[PDB]
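J.: If you scroll down you'll find the structure; I have some questions about it.
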Amino acid sequence: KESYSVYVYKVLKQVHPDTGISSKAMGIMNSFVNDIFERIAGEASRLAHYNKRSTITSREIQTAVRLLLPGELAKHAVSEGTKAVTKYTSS
Amino acid sequence: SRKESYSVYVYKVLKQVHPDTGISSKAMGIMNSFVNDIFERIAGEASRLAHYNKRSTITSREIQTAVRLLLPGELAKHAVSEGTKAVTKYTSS
Amino acid sequence: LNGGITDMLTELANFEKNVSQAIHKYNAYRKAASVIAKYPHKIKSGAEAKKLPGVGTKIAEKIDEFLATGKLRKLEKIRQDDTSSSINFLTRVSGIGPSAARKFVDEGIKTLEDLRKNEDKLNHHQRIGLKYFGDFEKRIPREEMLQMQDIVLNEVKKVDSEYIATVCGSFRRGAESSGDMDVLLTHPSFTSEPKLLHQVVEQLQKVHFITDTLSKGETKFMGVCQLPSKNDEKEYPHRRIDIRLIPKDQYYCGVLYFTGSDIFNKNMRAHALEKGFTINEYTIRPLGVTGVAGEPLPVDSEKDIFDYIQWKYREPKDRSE
Amino acid sequence: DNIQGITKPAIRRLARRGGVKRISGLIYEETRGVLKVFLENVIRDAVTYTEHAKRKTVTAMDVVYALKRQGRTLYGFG
Amino acid sequence: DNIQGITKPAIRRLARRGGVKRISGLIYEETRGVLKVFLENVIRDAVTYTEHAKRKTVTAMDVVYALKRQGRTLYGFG
Amino acid sequence: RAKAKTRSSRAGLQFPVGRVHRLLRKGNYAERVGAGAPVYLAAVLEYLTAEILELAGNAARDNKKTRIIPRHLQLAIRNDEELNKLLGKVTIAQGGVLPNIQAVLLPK
Amino acid sequence: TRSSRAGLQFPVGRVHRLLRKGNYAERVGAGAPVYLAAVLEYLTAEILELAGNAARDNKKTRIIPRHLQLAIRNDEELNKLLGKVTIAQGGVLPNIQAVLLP
Amino acid sequence: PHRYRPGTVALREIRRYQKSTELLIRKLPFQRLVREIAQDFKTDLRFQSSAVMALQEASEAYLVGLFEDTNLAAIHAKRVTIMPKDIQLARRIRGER
Amino acid sequence: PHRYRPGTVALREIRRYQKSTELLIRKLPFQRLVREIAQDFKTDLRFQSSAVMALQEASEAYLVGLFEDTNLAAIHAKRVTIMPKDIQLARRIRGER
DNA sequence: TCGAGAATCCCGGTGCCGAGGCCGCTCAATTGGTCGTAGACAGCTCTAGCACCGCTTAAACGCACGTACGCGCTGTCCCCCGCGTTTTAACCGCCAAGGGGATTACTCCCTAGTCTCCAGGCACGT
DNA sequence: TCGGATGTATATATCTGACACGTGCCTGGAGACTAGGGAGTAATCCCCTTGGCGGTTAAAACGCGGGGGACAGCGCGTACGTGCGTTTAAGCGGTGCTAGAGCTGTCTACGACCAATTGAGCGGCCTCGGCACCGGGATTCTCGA
DNA sequence: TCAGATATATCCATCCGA
Numbered sequence: 034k035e036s037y038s039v040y041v042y043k044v045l046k047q048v049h050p051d052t053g054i055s056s057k058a059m060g061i062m063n064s065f066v067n068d069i070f071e072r073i074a075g076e077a078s079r080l081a082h083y084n085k086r087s088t089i090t091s092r093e094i095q096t097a098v099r100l101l102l103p104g105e106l107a108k109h110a111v112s113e114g115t116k117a118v119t120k121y122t123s124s
Numbered sequence: 032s033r034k035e036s037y038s039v040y041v042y043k044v045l046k047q048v049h050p051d052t053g054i055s056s057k058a059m060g061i062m063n064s065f066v067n068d069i070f071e072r073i074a075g076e077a078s079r080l081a082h083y084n085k086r087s088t089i090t091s092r093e094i095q096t097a098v099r100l101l102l103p104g105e106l107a108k109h110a111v112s113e114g115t116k117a118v119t120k121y122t123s124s
Numbered sequence: 011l012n013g014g015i016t017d018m019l020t021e022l023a024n025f026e027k028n029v030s031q032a033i034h035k036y037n038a039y040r041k042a043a044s045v046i047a048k049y050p051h052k053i054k055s056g057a058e059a060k061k062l063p064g065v066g067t068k069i070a071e072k073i074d075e076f077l078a079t080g081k082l083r084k085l086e087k088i089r090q091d092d093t094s095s096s097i098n099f100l101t102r103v104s105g106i107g108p109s110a111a112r113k114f115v116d117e118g119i120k121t122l123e124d125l126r127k128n129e130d131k132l133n134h135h136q137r138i139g140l141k142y143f144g145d146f147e148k149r150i151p152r153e154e155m156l157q158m159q160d161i162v163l164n165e166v167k168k169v170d171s172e173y174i175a176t177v178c179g180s181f182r183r184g185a186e187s188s189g190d191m192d193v194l195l196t197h198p199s200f201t202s203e208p209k210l211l212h213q214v215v216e217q218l219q220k221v222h223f224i225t226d227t228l229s230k231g232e233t234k235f236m237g238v239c240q241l242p243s244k245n246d247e248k249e250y251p252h253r254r255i256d257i258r259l260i261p262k263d264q265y266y267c268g269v270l271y272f273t274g275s276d277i278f279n280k281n282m283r284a285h286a287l288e289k290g291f292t293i294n295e296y297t298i299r300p301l302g303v304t305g306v307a308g309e310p311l312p313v314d315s316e317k318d319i320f321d322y323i324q325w326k327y328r329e330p331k332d333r334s335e
Numbered sequence: 024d025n026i027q028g029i030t031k032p033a034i035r036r037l038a039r040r041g042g043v044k045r046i047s048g049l050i051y052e053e054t055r056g057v058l059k060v061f062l063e064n065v066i067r068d069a070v071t072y073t074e075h076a077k078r079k080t081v082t083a084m085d086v087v088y089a090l091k092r093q094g095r096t097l098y099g100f101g
Numbered sequence: 024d025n026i027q028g029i030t031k032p033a034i035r036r037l038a039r040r041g042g043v044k045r046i047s048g049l050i051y052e053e054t055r056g057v058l059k060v061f062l063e064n065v066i067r068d069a070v071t072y073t074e075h076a077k078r079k080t081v082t083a084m085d086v087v088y089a090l091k092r093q094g095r096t097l098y099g100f101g
Numbered sequence: 011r012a013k014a015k016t017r018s019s020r021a022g023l024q025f026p027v028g029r030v031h032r033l034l035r036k037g038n039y040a041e042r043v044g045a046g047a048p049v050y051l052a053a054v055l056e057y058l059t060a061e062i063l064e065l066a067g068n069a070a071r072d073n074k075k076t077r078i079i080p081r082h083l084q085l086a087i088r089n090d091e092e093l094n095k096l097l098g099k100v101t102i103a104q105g106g107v108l109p110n111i112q113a114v115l116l117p118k
Numbered sequence: 016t017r018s019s020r021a022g023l024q025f026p027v028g029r030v031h032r033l034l035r036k037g038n039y040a041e042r043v044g045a046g047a048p049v050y051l052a053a054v055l056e057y058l059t060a061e062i063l064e065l066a067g068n069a070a071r072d073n074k075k076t077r078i079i080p081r082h083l084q085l086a087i088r089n090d091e092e093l094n095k096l097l098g099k100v101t102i103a104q105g106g107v108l109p110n111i112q113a114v115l116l117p
Numbered sequence: 038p039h040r041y042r043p044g045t046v047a048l049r050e051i052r053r054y055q056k057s058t059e060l061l062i063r064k065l066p067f068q069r070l071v072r073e074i075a076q077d078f079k080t081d082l083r084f085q086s087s088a089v090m091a092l093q094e095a096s097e098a099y100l101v102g103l104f105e106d107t108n109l110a111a112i113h114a115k116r117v118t119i120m121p122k123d124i125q126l127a128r129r130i131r132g133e134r
Numbered sequence: 038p039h040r041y042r043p044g045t046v047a048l049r050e051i052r053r054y055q056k057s058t059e060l061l062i063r064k065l066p067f068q069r070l071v072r073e074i075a076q077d078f079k080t081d082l083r084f085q086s087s088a089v090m091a092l093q094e095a096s097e098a099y100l101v102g103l104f105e106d107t108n109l110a111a112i113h114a115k116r117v118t119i120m121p122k123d124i125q126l127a128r129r130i131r132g133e134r
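Below you can see the structure in the form of structure tokens.
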């Protein structure tokens, strides 16, 4: 089936080149990714509906990420998201 | 401007409940809040269950399942007891 | 003196190549069969045959079981398998391989009757193979092969006098028969630094020599051709002819590589590597102290290629090994 | 009737892994009520969610979804 | 230093409304700290949700929504 | 074209029906909204509201006051058992707390 | 690839498809997959890095589930992120009260 | 000359406060505290009065819950007075660290 | 032979089972309990083994958490033995009572 | 048990403002048609659940014994409930004053939708 | 004094790479190109927050008991861990048997869409009666006796 | 088809408070 396993393995290899991953660990990581995506999407949708707009855009996702994530992680994530958005928009 | 509420329906239901009762405006506000909260919770449960079953449209069976899942205990047994009797009336057509 | 063991390993390798789709097993089984058949002695024990290269624990055990029981339970089970036999039959026709045979057997196409009934399920190459599978299965006599080679050389010379045609392979090596024709073509205007092959194909088809075409490109063209009958005898079977056009700086190397034999080619490559040169189908290149290959040397004749690796030139009749 | 299956040494081991020092008498019996209450309040909703799909066998995803709707999410069981 | 605004009579009255009988002499600082923690953890998200609207005024319904997110869902007002 | 009857009038329900269908359709909560779902949801809302209001009326009649007060409503809501479970984390504005005192601390 | 063009790691098109078909909003924006993928990658990288530090401290050579549990429960930020979530065969952090000890 | 028992007035005060439904916190101090606390995060924020009232309501509810928890726990501790250690334990048990 | 200190064995193996990742519960009894509890809801429902294992895992987690919280709360009682009243108080203050 | 004094219930004689009464008025709910498809059903195949059987053995059970920690009891002293007294800033009354939020008409441009378009992997065959 | 517990050397339980090249097939997700409907932009009321000044007094700060609760310690005994010898069911494989999960092809009843048609709920405005507040009265609980 | 590594068990030469 389709999951995030391949991308997870690639990211783990990039992060550290001398480690191994159990299959149960891969499943745990897949569940974590799915849960985080669902929570962020739900918060964004609720914020969008409450704001009396009609679409989901980058600013909404950024505000939701600020609302949900813990502090220092939120700051680092906001920086990374801004940098990636600049990179993609520079295309 | 204009905004939606359930004040008139609440007043009619209260008159049906007892012909000799008063209530304040803040009571109507609290009742509106309770109604909105319950409706939102039921709708969310229904949408989640429908996505889990991977169907495409909401039917009364899903609503019955959600009501059985959400409401606390024996009251739901009474509550669902009305709904089919309610539904049958519309099924009376 | 291991004809029976070689015959059984032939079916084992065919199963591993076309049914099991195991190149790493098919090559090993073929090598073990070749080592068994090349030994001019009867195999008495599997341990005795394990001394010869290419035979391992599995090969020795199979040889011992074949000696003890006269056959293999696995071999008999694979022979009695309808699906495996159907896959082998479907892959036996050229143009259909392991996956083609598997799809045909999965779709119910198991015999040549189904293939004739499902020609729409057969491509141009597949339909061509289905039309002349028995004709492709027949060998080419040395007289018929020589007549076809003379006709092809005449057509090449008439198309362009500057064209150079070489009948390489066992025909060059002098074998009494061949399963197909392999022609190497050269031209002064086409070097290492496109319509010549198309013109050659058109010239061959104009005299009604080439009967069918499976693929025709600017480099190699493959088709079915047959030596004509003299209006009273039976028609000659269709034979597969492949003509490859090579550069003038690469024609000699290609002819040397395709002339054979495989053992002779391997020995020549080993001698060249021991002589500080690398010999390929394209050209021959110098080898450095660190093994970096230099600019490939110009090639003009087989004798020059032999002298490049500091080895005596050997005639194709003596090129068995 | 099988509720007595959980051995006293087993519950003692569980509590010891929890970080206790001494277990009195009545607690061993009392733990049964908590275990049964939690298990029932889970299994009933799980079976309801299973039956809502007009199936017959309890599926692992059903238990996962029920636990999530029960406010305790346990990621890892697929 | 407005945190000293919550007076000792006020804290005592609130605790009595809770139904307390005897309050020790080391409660004022703890109560002030707890109140500060709760007010901050609500107001930060309140201001964030307000700013997401790109408006310069904090609305009561924004406070209600923020309290709902933090696990209060206090109905009534708004 | 005779005098048409509303859906709630057709099926004998009190709370709004059509507006519920509009809200569900515009709520983006599903791809397609069915028929009986609005009826069932409206009926359930009616039953719950009726139960709460009846408890409130009983409380107010006990307290000898003609108009329902928010504190009376809160006391009625928190007094029962099932409603306490169903509304276990809601703070009613200007509601109050149930009159109860710890027994052990009480003088004796 | 679009994710490659953005230099991301996860398949951005998959996220776009999931969000579009997820019935979570009326209209899909412009670069929402990019931001979502970046956030997911940052979180996954942080979790994996803490796990790798713990594993190197563990003198092991594979991501055991207990290692992931210890890594997640050993840092305050991750503890707040997933405090109310359980893991399988994970165990608890080693801790004993000082008052009980001899 | 006539004074009540050493702690009898406490029970009467408990009953009186329990019966009532007043605000119990002076509005001006709460408004000042809200302004001061909000000053740190963002500058020049203008609120509406209803928001201040609602924040007061929620704060009262949270403090009441914590105090009731502390009283129950201290009762479980076989002690009569309420001390900060009990408050810390109560905040720890519910998972508020 | 050598009589160990009072609780020396008890204090021991706390570190051993603390680092454990096994189930520490008899499997077939758990399956029987699950089936018996299930028999009251509906009639003759089949179950999958992985689901039973996951249910056991969640149950172990919840029980471990409750017992540990109860021990921590009972520590505040200046007592060294956990008692049923302590677990009662822990459940009541946990909000799930 | 008992009284002096403090907390509590009550009739009413006033006010008073706002909850419920009324009308005037549209934009959303209804009807009656249409089309275009999600799942209801009928019919199939393949497996993970289900049911024993015998062996091994290891965790579980029951029973003696020492001991310590829970649980009474005691005195002791210290901080806090209650009291009275002297300040004061919330609180209510009034005022102005202006700026951020609603609205409303206008223009722009960005994703849903449709439709090519492909080259990055599969095979034959060697 | 010694059993539980840290390493290093040594022997099992798994994982794993060792031809590729030329030539055709074969599809699932990138670009190209609208449109029209959703979002940005400028102009104007306004009302609702903001700020300010003065009396006013119920509320809050502060000093002073004494006395009742927090705490500290002591004996004791009885519930509870600890060692040991037995035992029953839990694993650990087997073995066979099959209801039921899952998947695939009709087709059809039903849900979305739309243009008239209309009247139930919303906005705006009275009013007198539920509610309210003192105010003095009588009624009742209690803590030093 | 094959051992070559590589991760993974022990154990019995030590170390310690208990």
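Residue numbers (PDB author numbering), protein chains in the order written: chain H, 34 to 124; chain D, 32 to 124; chain L, 11 to 203, 208 to 335; chain B, 24 to 101; chain F, 24 to 101; chain C, 11 to 118; chain G, 16 to 117; chain E, 38 to 134; chain A, 38 to 134.
Just so it is clear, CB atoms sit at the ideal spot from N, CA and C, and this is done for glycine as well.
Check each residue of the segment 66-99 of chain H: if its Cβ is closer than 7 Å to any Cβ of chain F, include it; give the result in chain order.
T.: Correct list: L80, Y83, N84, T96 and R99.
J.: Which residues in chain H sit within 7 Å of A45/G, going by Cβ to Cβ distance?
T.: The answer, in chain order, is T90 and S91.
J.: If we ignore side chains and look at the alpha-carbon of each, how far apart do residue 20/A and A114/E end up?
T.: One cannot answer for residue 20/A here, as it falls past the ends of chain A, which runs 38 to 134.
J.: Where do the N-terminal and C-terminal ends of the beta strand (DSSP E) with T176/L fall, by residue?
T.: Note, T176/L: beta strand (DSSP E), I174 to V177.
J.: How is the beta strand (DSSP E) around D256/L delimited, first residue to last?
T.: Counting along the chain, the beta strand (DSSP E) containing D256/L begins and ends at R253 to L259.
J.: Determine, using beta carbons only, whether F65/H and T101/G come nearer to each other than 9 Å.
T.: In this structure, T101/G does not lie closer than 9 Å to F65/H by Cβ.
J.: Determine which residues of the segment 95-106 of chain G have a Cβ less than 8 Å from any Cβ of chain A, and write them out in chain order.
T.: Cβ contacts with chain A come from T101, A103, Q104, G105 and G106.
J.: Name the two residues that bound the continuous alpha helix (DSSP H) containing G60/D.
T.: Run containing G60/D: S56 to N84, per the alpha helix (DSSP H) assignment.
J.: Report yes if the C-beta distance between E105/E and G94/F is below 9 Å; otherwise report no.
T.: No, these two residues do not count as a Cβ contact at 9 Å.
J.: Nearest to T73/B by alpha carbon, out of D85/B, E63/B and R45/B?
T.: Taking only the C-alpha atoms, the option nearest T73/B is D85/B.
J.: When you compare the CB positions of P312/L and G144/L, do they come within less than 9 Å of one another, or not?
T.: Not closer than 9 Å, so no.
J.: Is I111/G close to chain A, meaning its C-beta is less than 9 Å from at least one C-beta of that chain?
T.: Chain A contact via Cβ: present.
J.: For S229/L, which beta-bridge partners are listed by DSSP?
T.: DSSP lists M236/L as partners of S229/L.
J.: Name the chain B residues whose beta carbon is nearer than 7 Å to that of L58/G?
T.: Ordered by position in chain B, no residue passes the 7 Å Cβ test against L58/G, which lies about 14 Å from the chain.
J.: Counting C-beta neighbours from all protein chains within 10 Å, is the total for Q76/E 16 or more, i.e. buried, or is it exposed?
T.: Under this definition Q76/E is an exposed residue.
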